[PDB]
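Structure file protein03.tsv with TSV, C-alpha atoms:
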chain	number	residue	atom	x	y	z
A	304	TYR	CA	0.00	0.00	0.00
A	305	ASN	CA	0.97	3.61	-0.58
A	306	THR	CA	-1.73	4.96	1.77
A	307	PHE	CA	-3.27	2.89	4.54
A	308	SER	CA	-7.03	2.37	4.67
A	309	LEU	CA	-9.41	0.38	6.83
A	310	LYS	CA	-11.41	-0.02	3.61
A	311	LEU	CA	-8.57	-1.94	1.95
A	312	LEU	CA	-7.93	-3.98	5.10
A	313	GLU	CA	-11.59	-4.81	5.74
A	314	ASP	CA	-12.02	-5.99	2.15
A	315	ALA	CA	-8.93	-8.21	2.00
A	316	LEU	CA	-9.69	-9.87	5.34
A	317	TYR	CA	-13.35	-10.50	4.51
A	318	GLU	CA	-12.73	-11.88	1.02
A	319	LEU	CA	-10.16	-14.15	2.65
A	320	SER	CA	-12.63	-15.00	5.40
A	321	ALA	CA	-15.56	-15.70	3.08
A	322	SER	CA	-13.50	-18.06	0.93
A	323	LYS	CA	-11.44	-19.66	3.69
A	324	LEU	CA	-12.92	-19.28	7.18
A	325	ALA	CA	-16.17	-19.81	9.04
A	326	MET	CA	-18.08	-16.88	10.51
A	327	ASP	CA	-17.03	-18.04	13.98
A	328	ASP	CA	-13.27	-18.07	13.26
A	329	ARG	CA	-12.61	-14.68	11.64
A	330	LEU	CA	-10.80	-13.16	14.64
A	331	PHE	CA	-7.53	-11.82	13.23
A	332	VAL	CA	-4.48	-10.53	15.09
A	333	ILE	CA	-2.11	-8.08	13.41
A	334	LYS	CA	1.51	-7.53	14.42
A	335	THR	CA	2.88	-4.00	14.23
A	336	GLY	CA	5.07	-1.39	15.80
A	337	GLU	CA	3.76	1.42	17.97
A	338	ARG	CA	3.37	3.54	14.83
A	339	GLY	CA	1.18	1.01	13.04
A	340	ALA	CA	-1.11	0.92	16.06
A	341	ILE	CA	-1.21	4.72	15.88
A	342	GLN	CA	-1.95	4.68	12.15
A	343	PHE	CA	-4.74	2.23	12.94
A	344	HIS	CA	-6.08	4.53	15.66
A	345	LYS	CA	-6.14	7.54	13.34
A	346	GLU	CA	-8.03	5.68	10.61
A	347	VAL	CA	-10.56	4.17	13.02
A	348	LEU	CA	-11.14	7.65	14.42
A	349	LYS	CA	-11.50	9.05	10.91
A	350	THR	CA	-14.30	6.55	10.21
A	351	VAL	CA	-16.33	7.00	13.41
A	352	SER	CA	-15.86	10.69	12.65
A	353	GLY	CA	-17.86	9.93	9.51
B	1	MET	CA	-14.89	14.82	6.32
B	2	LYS	CA	-15.70	15.41	9.98
B	3	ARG	CA	-18.05	17.42	12.15
B	4	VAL	CA	-17.46	21.17	12.15
B	5	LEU	CA	-18.03	21.97	15.85
B	6	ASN	CA	-18.69	20.15	19.09
B	7	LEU	CA	-22.43	19.80	19.59
B	8	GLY	CA	-22.14	22.16	22.55
B	9	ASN	CA	-21.28	24.98	20.15
B	10	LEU	CA	-23.88	23.72	17.65
B	11	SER	CA	-26.72	23.54	20.17
B	12	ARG	CA	-26.31	27.34	20.40
B	13	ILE	CA	-27.29	27.89	16.75
B	14	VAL	CA	-30.60	29.65	17.25
B	15	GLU	CA	-33.46	31.33	15.40
B	16	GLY	CA	-34.71	34.58	16.88
B	17	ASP	CA	-34.39	38.33	17.34
B	18	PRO	CA	-31.07	40.01	16.42
B	19	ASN	CA	-31.41	42.14	19.56
B	20	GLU	CA	-31.32	39.12	21.91
B	21	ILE	CA	-28.34	37.32	20.31
B	22	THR	CA	-25.36	37.40	22.66
B	23	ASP	CA	-22.09	35.56	22.01
B	24	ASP	CA	-21.66	31.80	22.56
B	25	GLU	CA	-24.48	31.37	20.05
B	26	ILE	CA	-24.86	31.79	16.28
B	27	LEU	CA	-27.91	33.25	14.55
B	28	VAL	CA	-29.71	32.06	11.41
B	29	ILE	CA	-32.16	34.31	9.55
B	30	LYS	CA	-34.55	32.10	7.60
B	31	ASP	CA	-35.96	33.42	4.33
B	32	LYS	CA	-39.68	34.10	3.93
B	33	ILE	CA	-40.17	34.57	0.18
B	34	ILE	CA	-38.17	31.35	-0.29
B	35	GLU	CA	-38.99	28.36	1.90
B	36	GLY	CA	-35.77	26.45	2.53
B	37	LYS	CA	-33.18	29.08	1.68
B	38	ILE	CA	-31.36	31.12	4.31
B	39	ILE	CA	-30.59	34.84	4.31
B	40	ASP	CA	-27.53	35.18	6.54
B	41	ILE	CA	-25.48	33.59	9.31
B	42	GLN	CA	-24.60	36.07	12.03
B	43	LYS	CA	-22.20	36.21	14.97
B	44	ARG	CA	-21.78	39.06	17.43
B	45	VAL	CA	-18.26	40.45	17.88
B	46	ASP	CA	-18.30	43.78	19.75
B	47	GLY	CA	-21.99	44.42	20.36
B	48	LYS	CA	-22.54	44.50	16.61
B	49	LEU	CA	-24.06	41.46	14.91
B	50	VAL	CA	-21.84	40.73	11.91
B	51	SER	CA	-22.17	38.11	9.19
B	52	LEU	CA	-19.93	35.09	8.66
B	53	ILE	CA	-20.76	34.76	4.94
B	54	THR	CA	-18.43	36.75	2.71
B	55	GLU	CA	-20.22	39.15	0.38
B	56	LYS	CA	-20.09	37.91	-3.21
B	57	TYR	CA	-20.60	40.16	-6.24
B	58	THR	CA	-20.70	39.65	-10.00
C	1	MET	CA	-35.48	31.90	20.41
C	2	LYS	CA	-35.51	28.19	19.65
C	3	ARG	CA	-32.72	26.31	17.91
C	4	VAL	CA	-33.09	26.63	14.15
C	5	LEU	CA	-33.17	22.83	13.95
C	6	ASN	CA	-32.86	19.84	16.25
C	7	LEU	CA	-29.51	18.33	17.18
C	8	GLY	CA	-29.91	15.18	15.10
C	9	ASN	CA	-29.95	17.50	12.09
C	10	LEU	CA	-27.29	19.87	13.46
C	11	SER	CA	-24.99	16.96	14.33
C	12	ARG	CA	-24.75	16.31	10.58
C	13	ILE	CA	-23.16	19.71	9.87
C	14	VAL	CA	-19.69	18.62	8.77
C	15	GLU	CA	-16.50	19.94	7.20
C	16	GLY	CA	-14.59	18.28	4.38
C	17	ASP	CA	-15.15	16.59	1.04
C	18	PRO	CA	-18.01	17.89	-1.14
C	19	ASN	CA	-18.15	14.43	-2.74
C	20	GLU	CA	-18.52	12.39	0.46
C	21	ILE	CA	-21.44	14.21	2.12
C	22	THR	CA	-24.79	12.42	1.95
C	23	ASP	CA	-28.24	13.97	1.55
C	24	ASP	CA	-28.51	14.02	5.36
C	25	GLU	CA	-25.50	16.29	5.96
C	26	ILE	CA	-24.96	20.04	5.73
C	27	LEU	CA	-21.60	21.11	4.30
C	28	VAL	CA	-19.65	24.07	5.64
C	29	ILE	CA	-16.72	25.70	3.86
C	30	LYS	CA	-14.32	27.81	5.93
C	31	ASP	CA	-13.04	30.73	3.88
C	32	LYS	CA	-9.31	30.36	3.23
C	33	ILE	CA	-8.63	34.05	2.54
C	34	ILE	CA	-10.15	35.32	5.80
C	35	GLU	CA	-9.51	33.51	9.08
C	36	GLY	CA	-12.99	33.33	10.61
C	37	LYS	CA	-15.45	33.69	7.74
C	38	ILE	CA	-17.60	31.27	5.75
C	39	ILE	CA	-17.77	31.10	1.96
C	40	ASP	CA	-20.70	28.74	1.42
C	41	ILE	CA	-23.09	26.35	3.15
C	42	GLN	CA	-24.35	23.46	1.03
C	43	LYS	CA	-26.60	20.43	1.21
C	44	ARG	CA	-27.46	17.88	-1.46
C	45	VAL	CA	-30.74	18.61	-3.26
C	46	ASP	CA	-30.84	16.11	-6.14
C	47	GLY	CA	-27.36	14.66	-5.92
C	48	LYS	CA	-26.01	18.17	-6.56
C	49	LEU	CA	-24.75	20.68	-4.02
C	50	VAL	CA	-26.64	23.98	-3.72
C	51	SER	CA	-26.13	26.98	-1.47
C	52	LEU	CA	-28.65	27.42	1.34
C	53	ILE	CA	-27.99	31.16	1.56
C	54	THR	CA	-30.07	33.25	-0.82
C	55	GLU	CA	-28.11	34.94	-3.59
C	56	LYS	CA	-27.89	38.72	-3.34
C	57	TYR	CA	-28.03	41.22	-6.19
C	58	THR	CA	-28.02	44.99	-6.68

Have the structure of the file written as structure tokens, please.
Amino acid sequence: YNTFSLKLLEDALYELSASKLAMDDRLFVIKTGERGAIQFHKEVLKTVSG
Amino acid sequence: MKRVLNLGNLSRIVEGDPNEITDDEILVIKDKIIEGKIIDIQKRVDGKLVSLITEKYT
Amino acid sequence: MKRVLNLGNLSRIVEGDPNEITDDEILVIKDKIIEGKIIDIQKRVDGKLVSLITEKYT
């Protein structure tokens, strides 16, 4: 990615999940540095702000 | 895209008499001849009730 | 001196993209030339954005 988006992430994980995983086993766990968690926070806040 | 002001400062957007508009509240002057349109947005500064919309000419 | 509208309709006064605002939102545009003015207030009428403030002429 050039720019990070919860749109892009939500799509990729769901398409994966639909094809590969049951509805009950779609809990994902991302690994990041403190900055990735911050970038996540900003995007999540940008959405709820919409 | 995000909200323009905290709802505390938006709850003080009122519709009334220009003579009773103090600060910490914005005024809207609805239009009569036209139903939905607005005439002006106003905010008091130094006792005077000035507009926030910039005048636009031809 | 009642609020011009309720809060559920004032909450949807937002600032940002003209393309991303729904029919339920009012769009504000902070003037860039002046520091505390407004240049236009818009809401979607028929998929298009139109100014709520009545146009003035001489």

Set out as a Markdown table a contact list for chain A and chain C with a cut-off of 12 Å, giving each residue of chain A that qualifies its closest atom pair and distance in Å to one decimal, counting all atoms listed in the file, ordered by chain and rising residue number.
| residue | atom | partner | partner_atom | distance |
| --- | --- | --- | --- | --- |
| A:349 | CA | C:16 | CA | 11.7 |
| A:352 | CA | C:14 | CA | 9.6 |
| A:353 | CA | C:14 | CA | 8.9 |

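CA of residue 346 in chain A sits 24.5 Å away from CA of residue 328 in chain A.
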
- Query: So how many Å separate CA of residue 24 in chain C and CA of residue 3 in chain B, to one decimal?
  - Reply: 12.9 Å

- Message: What's the separation between CA of residue 29 in chain B and CA of residue 46 in chain C, in Å to one decimal place?
- Response: 24.1 Å

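Any residue of chain B with an atom within 7 Å of chain C counts; using all atoms listed in the file, that gives residues 1, 2, 3, 4, 7, 10, 11, 12, 13, 14, 15, 16, 28, 37, 38, 39, 40, 52, 53 and 54 of chain B.
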
N, CA and C atoms of range 12-28 of chain C, written as a PDB file, in the first residue's frame:
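File part.pdb, as written:
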ATOM      1  N   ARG C  12     -25.191  16.653  11.920  1.00  0.00           N
ATOM      2  CA  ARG C  12     -24.749  16.309  10.580  1.00  0.00           C
ATOM      3  C   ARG C  12     -24.217  17.508   9.804  1.00  0.00           C
ATOM      4  N   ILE C  13     -23.883  18.600  10.484  1.00  0.00           N
ATOM      5  CA  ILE C  13     -23.156  19.707   9.871  1.00  0.00           C
ATOM      6  C   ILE C  13     -21.674  19.382   9.974  1.00  0.00           C
ATOM      7  N   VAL C  14     -21.028  19.190   8.827  1.00  0.00           N
ATOM      8  CA  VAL C  14     -19.692  18.621   8.772  1.00  0.00           C
ATOM      9  C   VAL C  14     -18.805  19.503   7.903  1.00  0.00           C
ATOM     10  N   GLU C  15     -17.517  19.171   7.899  1.00  0.00           N
ATOM     11  CA  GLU C  15     -16.496  19.939   7.198  1.00  0.00           C
ATOM     12  C   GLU C  15     -15.583  18.970   6.467  1.00  0.00           C
ATOM     13  N   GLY C  16     -15.481  19.123   5.149  1.00  0.00           N
ATOM     14  CA  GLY C  16     -14.593  18.276   4.379  1.00  0.00           C
ATOM     15  C   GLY C  16     -14.965  18.110   2.920  1.00  0.00           C
ATOM     16  N   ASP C  17     -14.984  16.865   2.459  1.00  0.00           N
ATOM     17  CA  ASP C  17     -15.152  16.593   1.037  1.00  0.00           C
ATOM     18  C   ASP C  17     -16.549  16.992   0.575  1.00  0.00           C
ATOM     19  N   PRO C  18     -16.680  17.713  -0.543  1.00  0.00           N
ATOM     20  CA  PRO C  18     -18.012  17.895  -1.137  1.00  0.00           C
ATOM     21  C   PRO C  18     -18.560  16.631  -1.774  1.00  0.00           C
ATOM     22  N   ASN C  19     -17.702  15.656  -2.082  1.00  0.00           N
ATOM     23  CA  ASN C  19     -18.146  14.435  -2.741  1.00  0.00           C
ATOM     24  C   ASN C  19     -18.681  13.402  -1.757  1.00  0.00           C
ATOM     25  N   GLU C  20     -18.235  13.446  -0.504  1.00  0.00           N
ATOM     26  CA  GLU C  20     -18.525  12.394   0.460  1.00  0.00           C
ATOM     27  C   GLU C  20     -19.730  12.687   1.345  1.00  0.00           C
ATOM     28  N   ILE C  21     -20.324  13.871   1.253  1.00  0.00           N
ATOM     29  CA  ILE C  21     -21.444  14.208   2.123  1.00  0.00           C
ATOM     30  C   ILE C  21     -22.731  13.649   1.528  1.00  0.00           C
ATOM     31  N   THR C  22     -23.544  13.029   2.376  1.00  0.00           N
ATOM     32  CA  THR C  22     -24.794  12.416   1.953  1.00  0.00           C
ATOM     33  C   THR C  22     -25.868  13.491   1.799  1.00  0.00           C
ATOM     34  N   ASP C  23     -27.107  13.058   1.565  1.00  0.00           N
ATOM     35  CA  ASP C  23     -28.238  13.974   1.553  1.00  0.00           C
ATOM     36  C   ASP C  23     -28.606  14.444   2.952  1.00  0.00           C
ATOM     37  N   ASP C  24     -28.140  13.744   3.982  1.00  0.00           N
ATOM     38  CA  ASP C  24     -28.512  14.018   5.361  1.00  0.00           C
ATOM     39  C   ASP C  24     -27.580  15.010   6.042  1.00  0.00           C
ATOM     40  N   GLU C  25     -26.524  15.448   5.367  1.00  0.00           N
ATOM     41  CA  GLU C  25     -25.500  16.289   5.964  1.00  0.00           C
ATOM     42  C   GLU C  25     -25.522  17.683   5.352  1.00  0.00           C
ATOM     43  N   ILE C  26     -25.170  18.668   6.173  1.00  0.00           N
ATOM     44  CA  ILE C  26     -24.959  20.040   5.727  1.00  0.00           C
ATOM     45  C   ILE C  26     -23.461  20.277   5.644  1.00  0.00           C
ATOM     46  N   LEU C  27     -23.019  20.885   4.550  1.00  0.00           N
ATOM     47  CA  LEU C  27     -21.604  21.112   4.304  1.00  0.00           C
ATOM     48  C   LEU C  27     -21.252  22.561   4.600  1.00  0.00           C
ATOM     49  N   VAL C  28     -20.195  22.755   5.380  1.00  0.00           N
ATOM     50  CA  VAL C  28     -19.646  24.074   5.641  1.00  0.00           C
ATOM     51  C   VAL C  28     -18.323  24.191   4.898  1.00  0.00           C
TER      52      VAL C  28
END
